[PDB]
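**Student:** quick one: initial chain(s) of a complex, as found there:
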Amino acid sequence: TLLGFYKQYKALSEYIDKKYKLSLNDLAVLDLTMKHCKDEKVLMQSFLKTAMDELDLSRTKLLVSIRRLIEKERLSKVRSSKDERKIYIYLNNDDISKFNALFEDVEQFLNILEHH
């Protein structure tokens, strides 16, 4: 069951990587943004604080994930308007359908792995 768990993680991790060019860190971050950012803009700084705390990653590794997500069009960003130093992240409606598709696919691959 240790070895079992190792096979699950490797298979799962290869699947996500070959299919969506994301890591599990990426999916952990994306899932956070769903809870804290559903069609409501959130300041990076505030999100990074919640995120570092909840997922025990470095600030540095989170920004890698956040950049990758926005680069791959799974998460949105906005600057300004008033203050050109406050950046905001958010999930729009297409980001959300994408989120629903990625996780149904990924969670269902995990259900299968959890048997064989």
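**Tutor:** Arrived safely, thanks for sending. Numbering: from 1, shown residues only, chains lettered A, B, ... in the order given.

**Student:** was I right about residue A:22 contacting residue A:72?
**Tutor:** Yes - counting by C-beta atoms under 8 Å, residue A:72 is a contact partner of residue A:22 at 7.3 Å. To be clear about C-beta, it is placed using only N, CA and C from the backbone, and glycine gets the same treatment.

**Student:** With neighbour numbers in mind, choose between these two.
**Tutor:** More neighbours surround residue A:22 than the other of residue A:22 and residue A:72, with 19 against 13 (other C-beta atoms under 10 Å).

**Student:** quick check, that one in a helix?
**Tutor:** No - counting by DSSP: H, G, I helix; E, B strand; the rest coil, residue A:22 falls outside a helix, being coil.

**Student:** Spatially nearest residue to it, not counting backbone neighbours?
**Tutor:** For residue A:22, ignoring the flanking residues on the chain, the nearest one in space by C-beta to C-beta, 6 or more residues apart in numbering is residue A:16 at 5.6 Å.

**Student:** Next: residue A:114.
**Tutor:** residue A:8 (6.8 Å).

**Student:** if I look at that neighbour, how far off is residue A:112?
**Tutor:** According to C-beta to C-beta, to the nearest Å, residue A:8 and residue A:112 sit 10 Å apart.

**Student:** just residue A:54 next, same as before
**Tutor:** 28 Å.

**Student:** now swap in residue A:11 and tell me
**Tutor:** 9 Å.

**Student:** let's put chain B on the structure above:
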Amino acid sequence: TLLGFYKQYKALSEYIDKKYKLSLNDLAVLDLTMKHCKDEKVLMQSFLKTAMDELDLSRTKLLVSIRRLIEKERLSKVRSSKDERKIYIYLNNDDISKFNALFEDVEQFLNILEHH
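**Tutor:** Putting chain B onto the chains we already have gives this:
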């Protein structure tokens, strides 16, 4: 369930890393040395062949796990005296003792994690 699994994996990895200075890849390989070089010295080029076959890891990956397991004195190697200067890997009785103590401890921690 996705984030659950991620949490489990993060915690197990960190436990193995902090307490044993090993990775999951290592444990997997060690488990594999236990199904193959418990009773015989085994030729390393022969181990890897059946290792990649059964674990699907990078040859490049395996050679670093093996070497770490020997450096950590959880696996043993010897150099043919006879005609080749080829390398054999094997588990001795101290190694097998360390193997059972290691897997007992890690399986028990995994068991704890799989309840929360």
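
**Student:** Tell me the gap between whichever helix or strand residue A:25 is part of and the middle of its chain.
**Tutor:** Counting by DSSP states H and E, the element that carries residue A:25 is helix A:24-37. Distance, stretch centre to chain centre, for helix A:24-37: 4 Å (C-alpha atoms, centre = their mean, to the nearest Å).

**Student:** in it, what counts as buried?
**Tutor:** The neighbour-count check on helix A:24-37 (16 or more other C-beta atoms under 10 Å in any protein chain shown) flags A:24-34, A:36-37 as buried.

**Student:** just these that are near chain B?
**Tutor:** Taking C-beta under 8 Å from any C-beta of the partner chain, the overlap between these and the neighbourhood of chain B is A:24, A:27, A:28, A:31.

**Student:** How about the contacts made by the first one?
**Tutor:** Taking C-beta atoms under 8 Å, 6 or more residues apart in numbering or on different chains as the definition of contact, the neighbours of residue A:24 are A:12, A:13, A:16, B:6, B:9.

**Student:** residue boundaries of the helices in chain A?
**Tutor:** A:2-20, A:24-37, A:44-55, A:59-71, A:93-113 (DSSP state H).

**Student:** tell me which parts of chain A are close to chain B?
**Tutor:** Counting by C-beta under 8 Å from any C-beta, the residues of chain A that sit close to chain B are A:1-3, A:5-6, A:8-10, A:12, A:24, A:27-28, A:31, A:56, A:103, A:106-107, A:110-111.
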